[PDB]
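Asker: Would you mind keeping the following structure in view while I ask a few things?
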């Protein structure tokens, strides 16, 4: 009794369509029936299937998700004609959240940082809804401002009259509660709309990464460092700010880093060889851990920092007076710049590759990196 | 002398001594060991003369002192601090499964057993172009060559006298012999020196070299149980064909033993150990050194299978397959994480414990205690990543 | 399942069907209300003597 | 006649402890150590200071 499935839609949308095709008038009546059906075979599973649509998704459940998944499998099985798992339609907690880098949710190969998930209102697009009325998954991601098809400019949060749109809350696909048919009625916004499918043309900017999880990583880093939202809600600011930043980058990144360390010298009250690397560089190294890729060809932020640090030390060789390059790094920090582990750094100290300052100097790390790690 | 991109550490040193005219034993002892002694006493004490003994993975504890000797050479020969160290074979920090010794050379780790310690062969068709013993010969899984018309590496008995280059340090000729200017699958087996493949349909045809090495080690213990007969070429040559239908054969091997195990059942299944049915196939997944699923393809297929097995056997009044007990070290392997993390996961209540222990005691890592269906579900639910 | 409650202060409460009320969630109308009324009587029973 | 024991009714009523670990799940029966019988563990083990 299943409906046409699509590859680009949200789990909640599938369920609404599924119930309607069976002659159920309202979701609450349908879910009432299902929760009761389950009590004929597995009571723990039944206790894991809530009646209200807004909490149907897996990412919502803290320690009972185990039972919730089971419940979903029973639905697949009991409804006739079931060649396809519905488990491919929903968010799960992602494994990369360990260490609290940030929270993230997983879907079919891409990790999405949690902060990019919409919560209270849901935009939609009428030129797509007339063709096939179901809700697309990409509409739940904040970066997706503007539709990538049909011109797609200026997608609304309020269709008509006095009310914003939220289809989960009012349980409805084609109409809002005041009765407006949702289906009736700048140029660069597309540079973000394309996050949908990446699909970029060759270009000069750093954001020419083919890995989707890394593209999101990059956007998150930028938001976290510049679009701080101390002052504002960021509806689309990224479209006019991020594109430029990652286009003037051959210089823009060096200017920021070069100013930061010069600025540091001006305020360098204390003898420099007792100052931490972080005291001058502000943990930009730790932030390099936010991008999910570790190899140099994808993690361009770390790659450019090494460029800069190499020349910074190279202009400042060892002399009688503490100078740039005599800043201290931990084994964890050297391990990060050296693309290695902590125990391997300990071995490198133990085997004599580098000395201890009491803990390593920046010159020691850059020199050891250029000297032994190519 | 400049090093070659693919040169062994011992080859370079032999050439160096000879290039400076230090051809004889006594001057080899001298120009090497006595000079080192006169720099400092430690560079010599750590430095035995015989060539086989010179490399790190032959060494004991005082490696740093041997390195100092390499560093003295780096100064004498106008080098760079890691010019030689990029070539040396050292002790891996990675166990490569079951506490095996494994040896590390600039990014590739090769299990101790694949090092061709004795009887190094050679290929005259490349030696005539640049005469230096080259790397990728010291590997057991390597017979024949790429290029040169293929054929066989010319093997040890060149002329009624066994050959190698270490007990008798000449390159073109050895001992009594002359200047040595003397079946279509091995050229594929040959690709342990590099990968270079396209249209890689088999699961053995893609990846970094360390993985390609691990896959062979696994195949060997599992299907070449026959005692070593130094069929070094022929024994391994067959592994490639074997993997060509893997996506569809591995599962049948696993299915066969579910049924053969079942008919020998003596206890209700919910008190049966997972191991009694599957024979540690899980532990073997630890011989490939990588932890994540997208690279360790052997583990990836085993999990695929177990997920399906549970799916076709839902819970009912009589116990069935899927209720088997796992130990702490087994969940750690299936969940792609270290053991201490499982203890933390238990403590927060994300999974149940099925056997009640006695008081004033502890449950050890080897004790079987979680149900299979509980682990499979938890992993799908909260352990996925971009890997 | 139908649940009926009487108290010593003269109140009566009636849940026509107890099978649908969760730990977490908003209760249906007229039922949410009796939860508030019962909460008040008990809040007193717990806090004021005699 | 068949019956349910007093404390068995009582154990059900007082099961309203979900203040630990910032994860509500289902509530525990109030216990000085946060005992959880189903999982054979304890949520407010003295080792945590909770």
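Protein chains in written order, with the working numbering: chain R, 204 to 577; chain F, 56 to 442; chain A, 6 to 55; chain H, 22 to 71. Note that CB positions come from ideal geometry on N, CA and C, so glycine has one too.
1. Mind checking if residue 501 (chain F) is an interface residue toward chain H, Cβ cutoff 8 angstroms exclusive?
2. Rounded C-beta distance between residue 422 (chain R) and residue 326 (chain R)? I'm assuming under 8 angstroms.
3. Alpha carbon to alpha carbon, what distance is there between residue 342 (chain F) and residue 277 (chain F)?
4. Quick check on residue 158 (chain F): does DSSP put it in helix, strand or coil?
5. Nearest to residue 407 (chain F) by CA position, among R:539, R:270, R:446 and R:532, is which residue?
6. Using DSSP with H/G/I as helix, E/B as strand and the rest coil, what is residue 558 (chain R)?
7. Quick check: what's the CA-CA separation for residue 74 (chain F) versus residue 56 (chain F)?
8. Which residues, in chain order, does the region 257–274 of chain R contribute to contact with chain H at a C-beta distance below 7 angstroms?
9. So residue 170 (chain F) and residue 158 (chain F) are supposed to be a Cβ contact under 8 angstroms. How far apart are they, rounded?
10. For residue 63 (chain H), list the residues DSSP reports as bridge partners.
11. Beta strand (DSSP E) containing residue 316 (chain R): first to last residue?
12. Any idea if residue 344 (chain F) is buried or exposed, counting beta-carbon neighbours within 10 angstroms, 16 or more meaning buried?
13. Could you list the residues in the region 376–408 of chain F with a C-beta less than 8 angstroms from some C-beta on chain H, going in chain order?
14. Where are the alpha helix (DSSP H) runs, 4 residues long or more, that stay fully inside the region 357–419 of chain F, in chain order?
15. Reducing DSSP to helix, strand and coil, say where residue 424 (chain F) ends up.
16. Three or more C-beta pairs under 8 angstroms: does that hold for the region 513–530 of chain R against the region 95–113 of chain F?
17. CB of residue 432 (chain R) to nearest heavy atom of the ligand GTP: below 7 angstroms?
18. Which class does residue 408 (chain R) belong to by DSSP, given the choice of helix, strand or coil?
19. Taking C-beta pairs closer than 9 angstroms, name the residues in chain R that residue 135 (chain F) reaches, listed in chain order.
20. Out of F:166, F:162 and F:362, which one is the CA nearest neighbour of residue 447 (chain F)?
21. Can you confirm whether residue 38 (chain H), when its beta carbon is compared against all beta carbons of chain R, has any partner nearer than 8 angstroms?
22. Any idea if residue 364 (chain R) is buried or exposed, counting beta-carbon neighbours within 10 angstroms, 16 or more meaning buried?
23. Per DSSP, what kind of secondary structure is residue 443 (chain R) in: helix, strand or coil?
24. For residue 279 (chain R), return the contacting residues in chain F, with the cut-off set at a CB-CB distance below 7 angstroms.
25. Between residue 392 (chain R) and residue 442 (chain R), which are expected to be in contact by the criterion C-beta below 8 angstroms, what is the C-beta distance as a whole number of angstroms?
26. Using C-beta distances below 6 angstroms, list every residue in its chain close to residue 32 (chain H), excluding the 5 sequence neighbours before and after it, in chain order.
27. Identify which residue in H:56, H:63, H:57 and H:48 has its Cα closest to the Cα of residue 28 (chain A).
28. Can you give me the C-alpha to C-alpha distance between residue 577 (chain R) and residue 138 (chain F), rounded to a whole angstrom?
29. Grab me the residues of residue 474 (chain R)'s own chain with a C-beta within less than 7 angstroms of its C-beta, minus the 5 sequence neighbours each way, in chain order.
30. For the region 33–62 of chain H, which residues have a CB atom closer than 9 angstroms to at least one CB atom of chain F, in sequence order?
31. Does the beta-carbon of residue 435 (chain R) have 16 or more other beta-carbons within 10 angstroms, so that it is buried, or is it exposed?
32. Where residue 132 (chain F) and residue 72 (chain F) are concerned, what is the direct C-alpha to C-alpha distance, given to the nearest angstrom?
33. Who are residue 49 (chain H)'s beta bridge partners in DSSP?
34. Return the residue from the list R:415, R:425 and R:467 that minimises the CA-CA distance to residue 447 (chain R).
35. Identify every residue that forms a DSSP beta bridge with residue 17 (chain A).
36. Pick helix, strand or coil for residue 311 (chain F), following the three-state DSSP scheme.
Answerer: Reading from the atomic positions:
1. Shown here, chain F extends from 56 to 442; a query on residue 501 (chain F) therefore has no answer.
2. For this step, residue 422 (chain R) is matched to residue 219 along the first chain. For this step, residue 326 (chain R) is matched to residue 123 along the first chain. No, residue 422 (chain R) and residue 326 (chain R) are not in contact; Cβ-Cβ is about 19 angstroms, not under 8 angstroms.
3. Translated into the one-based positions of the second chain, residue 277 (chain F) becomes position 222. Translated into the one-based positions of the second chain, residue 342 (chain F) becomes position 287. Looking at the two C-alpha atoms, the distance is approximately 12 angstroms.
4. Sequence index remark: in the second chain, residue 158 (chain F) carries index 103 (1-based). Reduced to three states, the DSSP call for residue 158 (chain F) is strand.
5. Along the second chain, one-based indexing puts residue 407 (chain F) at 352. Of the candidates R:539, R:270, R:446 and R:532, the one whose C-alpha sits nearest the C-alpha of residue 407 (chain F) is R:270.
6. Position 355 of the first chain, counting from 1, holds the residue named residue 558 (chain R). The answer is coil: DSSP assigns residue 558 (chain R) none of H, G, I, E or B.
7. Taking the second chain and counting its residues from 1, one reaches residue 74 (chain F) at position 19. Taking the second chain and counting its residues from 1, one reaches residue 56 (chain F) at position 1. Each residue's Cα considered, the two are about 7 angstroms apart.
8. 265, 266 and 267
9. Along the second chain, one-based indexing puts residue 170 (chain F) at 115. Along the second chain, one-based indexing puts residue 158 (chain F) at 103. With a Cβ gap of about 7 angstroms, residue 170 (chain F) and residue 158 (chain F) count as contacting.
10. Residue numbering aside, residue 63 (chain H) sits at position 42 when the fourth chain is read from its first letter. BP columns for residue 63 (chain H) point to H:56.
11. As a working note, residue 316 (chain R) is residue 113 in the first chain. Start and end: 313–316.
12. For this step, residue 344 (chain F) is matched to residue 289 along the second chain. Looking at its Cβ environment, which holds 16 or more other Cβ atoms inside 10 Å, residue 344 (chain F) is buried.
13. 401, 402, 403, 404, 406, 407 and 408
14. 383–389 and 394–402
15. For the purposes of this step, residue 424 (chain F) is identified with residue 369 of the second chain, where counting begins at 1. If DSSP states are grouped into helix, strand and coil, residue 424 (chain F) belongs with the strands.
16. no
17. As for the ligand GTP, it is missing from this structure, which has no ligand bound.
18. As a first step, residue 408 (chain R) is located in the first chain; it is residue number 205 there, counting from the start. If DSSP states are grouped into helix, strand and coil, residue 408 (chain R) belongs with coil.
19. Taking the first residue of the second chain as 1, we reach residue 135 (chain F) at position 80. Near residue 135 (chain F) (Cβ distances below 9 angstroms), the residues of chain R are 574 and 575.
20. Any property of residue 447 (chain F) remains undetermined from this structure, which presents chain F solely from 56 to 442.
21. Here residue 38 (chain H) refers to the residue found at position 17 of the fourth chain. Closer than 8 angstroms: no.
22. As a working note, residue 364 (chain R) is residue 161 in the first chain. With fewer than 16 other Cβ atoms within 10 Å, it is exposed.
23. Reading the first chain from its first residue, position 240 is the one you call residue 443 (chain R). Note: residue 443 (chain R) maps to helix in three-state DSSP.
24. Position 76 of the first chain holds residue 279 (chain R). Simply none; closest approach about 10 angstroms.
25. As a working note, residue 392 (chain R) is residue 189 in the first chain. As a working note, residue 442 (chain R) is residue 239 in the first chain. The Cβ separation is near 6 angstroms, so the contact holds.
26. Walking along the fourth chain from the start, residue 32 (chain H) turns up at place 11. 50, listed in sequence order.
27. The residue you call residue 28 (chain A) lines up with position 23 of the third chain. The option with the nearest alpha carbon to residue 28 (chain A) is H:48.
28. Position 374 of the first chain, counting from 1, holds the residue named residue 577 (chain R). Position 83 of the second chain, counting from 1, holds the residue named residue 138 (chain F). About 10 angstroms.
29. Taking the first residue of the first chain as position 1, residue 474 (chain R) is located at position 271. Excluding residues within five positions, the ones whose Cβ falls inside 7 angstroms are 525.
30. 42, 44, 46, 57, 59, 60, 61 and 62
31. Walking along the first chain from the start, residue 435 (chain R) turns up at place 232. By the neighbour-count rule (16 or more Cβ atoms within 10 Å), residue 435 (chain R) is not buried but exposed.
32. As a working note, residue 132 (chain F) is residue 77 in the second chain. As a working note, residue 72 (chain F) is residue 17 in the second chain. About 12 angstroms.
33. In the fourth chain, counting from the first residue as 1, residue 49 (chain H) sits at position 28. The partner list for residue 49 (chain H) (beta bridge, DSSP) reads H:38.
34. Taking the first residue of the first chain as position 1, residue 447 (chain R) is located at position 244. Checked all of R:415, R:425 and R:467; the closest Cα to residue 447 (chain R) is R:425.
35. Here residue 17 (chain A) corresponds to residue number 12 of the third chain, with the count starting at 1. DSSP output for residue 17 (chain A) lists A:11 as bridge partner(s).
36. As a working note, residue 311 (chain F) is residue 256 in the second chain. Note: residue 311 (chain F) maps to helix in three-state DSSP.
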